[PDB]
């Protein structure tokens, strides 16, 4: 409903949006991730990861170093506000997070941390 969004990551390393708006009055927000295409998780897995704009570079750097078996996220990374699991084609995953983790006026970025994906698969998340 109002406090959720569906996003897709395809075989061409594209998310189907580059901007998410979250109603600032939502208590929680949910992202429903899916993966059109046929490529398996070990070739073209995608996740959806949320951080401040400022933290994205470090999250990406350490995440893509962490390997497939760690969903390309540094374990226990405090900079990651929320994240789905890593999914392959035909799979689905949702994450819910607390909209109080988030500041009106702050610059948020969502992105996909697997090797080669982050520059091609990112966008803004903003409260309205």
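Numbering follows the first chain given and starts at 1.
Of the two segments, 68-76 and 90-98, the one listed with the higher mean B-factor is 90-98 (C-alpha atoms only). The mean Cα B-factor in the deposited entry runs higher for 33-41 than for the other of 33-41 and 47-55. Residue 119: CA B factor in the highest third of modelled residues in this chain (values from the PDB entry).
For residue 19, the recorded CA temperature factor ranks within the highest third of the chain's modelled residues. Ranked against the other modelled residues of its chain, the C-alpha B-factor of residue 85 as given in the entry falls in the middle third.
The entry lists a Cα temperature factor for residue 13 that places it in the highest third of the chain's modelled residues. Per the PDB record, residue ranking by Cα B-factor puts residue 7 in the lowest third of the chain.
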